[PDB]
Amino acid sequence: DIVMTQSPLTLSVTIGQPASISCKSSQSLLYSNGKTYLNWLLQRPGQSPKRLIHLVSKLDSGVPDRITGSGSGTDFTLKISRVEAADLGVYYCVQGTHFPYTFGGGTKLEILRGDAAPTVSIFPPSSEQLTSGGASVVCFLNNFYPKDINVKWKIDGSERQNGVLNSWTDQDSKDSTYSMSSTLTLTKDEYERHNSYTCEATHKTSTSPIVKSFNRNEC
């Protein structure tokens, strides 16, 4: 089959700047009738893909002409002259000249923005969970940028690696920031044997780890 190589894998662009994505194929996409069947799609976060361009350079109805497509043979390029927040997502090239139709791996376009330090919240086990004999300590690190962040849990001064469950959200199409959740699950018994639970983060916006903690005790 035809192999479609897309580069780059991801691009971080500031709103207002131009962006271009490349797509290379293992075979010429020139069909015997002289038409080149190369398409570009955009899959918005949580949305089905949508075609932007067809026949290399022909824009689909309702697609903004900020988007341009070009190329021939085996090399194609999609160019966004002035990027906006709505352009956030993964872009793919699909060739229809050869059967079966094949897609490129995708290029994720991320909106570059001003650094943002995380807002951290730490939550002890709820009464209900403890009743079941389980205990989860949750930590929310909301709205930060860049996405790159390292979080570690510490109980009574020692790092706890087992029982940690992390989850990150995609880039928010409203503020261009990221958020992540970290949950540490222990048994009720061990939870009640320790005192301090610390959620520690390492982010670009601070020369020292960002801390949030609580001491469980009684009264």
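Note that residue numbering follows the sequence shown and begins at 1.
Trainee: Per the record, averaged over C-alpha atoms, which has the higher B-factor: 120-128 or 138-146?
Mentor: The entry gives the higher C-alpha B-factor average to 120-128.
Trainee: Test of understanding: from the entry's C-alpha B-factors, which stretch has the higher mean, 55-63 or 147-155?
Mentor: Mean B over CA atoms: larger for 147-155.
Trainee: Which one, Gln171, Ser182, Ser48, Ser70, has the peak C-alpha temperature factor per the PDB entry?
Mentor: Checking the PDB record, the top C-alpha B-factor among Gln171, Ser182, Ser48, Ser70 is at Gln171.
Trainee: Lowest, middle or highest third: which one holds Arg113 when the chain's residues are ordered by CA B-factor from the entry?
Mentor: According to the entry, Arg113 has a C-alpha B-factor in the chain's highest third.
Trainee: Going by the recorded CA B-factors, say which third of the chain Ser25 sits in, lowest, middle or highest.
Mentor: Middle third - that is where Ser25 ends up once the chain's C-alpha B-factors are sorted.
Trainee: Rank-wise, by C-alpha B-factor, drop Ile80 into the lowest, middle or highest third of its chain.
Mentor: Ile80: CA B-factor falls in the middle third of its chain.
Trainee: For the chain shown, is the CA B-factor of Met4 in the lowest, middle or highest third of its modelled residues?
Mentor: CA B-factor rank for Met4: middle third.
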